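Novice: Below is the sequence, then the experimental coordinates.
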Amino acid sequence: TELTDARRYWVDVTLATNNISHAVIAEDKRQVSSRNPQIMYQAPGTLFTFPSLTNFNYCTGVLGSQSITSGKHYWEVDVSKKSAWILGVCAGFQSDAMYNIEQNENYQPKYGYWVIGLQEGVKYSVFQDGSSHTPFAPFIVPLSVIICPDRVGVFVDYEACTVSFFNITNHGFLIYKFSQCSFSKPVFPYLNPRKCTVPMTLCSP
């Protein structure tokens, strides 16, 4: 029901190539993954190695080719076999340096970030606003996921200022929903493999 009504605003979303992420967007702009060329042709010795220069973080964030400033929008993302990824809605990477967001996965709605993430394979969580005393760290909240989602549906109601996440694999049951979102700027669909080499696609009806 709630998912069927949201599917009424199904839009064709295409990724936009940016020069601030190490992500790899397909030619059709309908698929994105992680890993970068051979190995950044840098090989700290063992090629892939384990970039300790900043390990535990790859920094691969991408947005949509079209911005959202009104009306409702809905699109699905296929994260099958993926052990980690970040998807939802973003207002851009304008405030990514000030709070080393992408660098330290500092996703926060106050920074223009309304997304959810999965890590380790079975660790789902929702990024929320964190204490100002520690601006370089978000308030990650663990989500109770019983049926690992093989496809997530994102619904955005600019007018209502809300971002919902549906579990297509779970009868399309609601996973999380951002309410009273500060939609004062143009938002775009956020996607992030999260070091995960497994590509995340966007169905498209």
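Specialist: All right, it came through fine. Numbering: from 1, shown residues only.
Novice: Just confirm residue 63 contacts residue 192, I think it does.
Specialist: No. When contacts are counted by Cβ atoms under 8 Å, residue 63 is not listed as touching residue 192 (10.0 Å). (Each C-beta comes from the backbone N, C-alpha and C, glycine too.)
Novice: Show me where this protein has its strands.
Specialist: According to DSSP state E, the chain carries its strands in the segments 15-16, 24-25, 31-33, 63-64, 72-78, 85-90, 113-119, 123-126, 141-142, 151-157, 163-167, 173-178, 188-192, 200-201.
Novice: Centre of the chain to the fifth one, how far?
Specialist: In other words, strand 72-78. Remark: strand 72-78 is offset 12 Å from the chain centroid, using Cα atoms, centre = their mean, to the nearest Å.
Novice: got a list of what the residue nearest the centre of the chain touches?
Specialist: Per Cα atoms, centre = their mean, the C-alpha nearest to the average position across the chain is that of residue 87, at 2.1 Å. Counting by Cβ atoms under 8 Å, 6 or more residues apart in numbering, residue 87 touches 77, 79, 115-117, 152, 154, 189-192, 200.
Novice: Quick one: buried ones out of these?
Specialist: When the contacts of residue 87 are checked for burial by 16 or more other Cβ atoms under 10 Å, the buried set is 77, 79, 115-117, 152, 154, 189-192, 200.
Novice: tell me the two of the residues you listed that are most distant?
Specialist: The most widely separated members of the buried ones among the contacts of residue 87, counting by Cβ to Cβ, are 117 and 189 (15.0 Å).
Novice: just to revisit the earlier point, the strands of the chain into TSV, with extra columns for distance to residue 134?
Specialist: As requested, the strands of the chain are exported to TSV (distance: least, Cβ to Cβ, whole Å):
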stretch	distance to residue 134
strand 15-16	32
strand 24-25	32
strand 31-33	30
strand 63-64	26
strand 72-78	30
strand 85-90	20
strand 113-119	16
strand 123-126	17
strand 141-142	15
strand 151-157	28
strand 163-167	24
strand 173-178	21
strand 188-192	22
strand 200-201	30
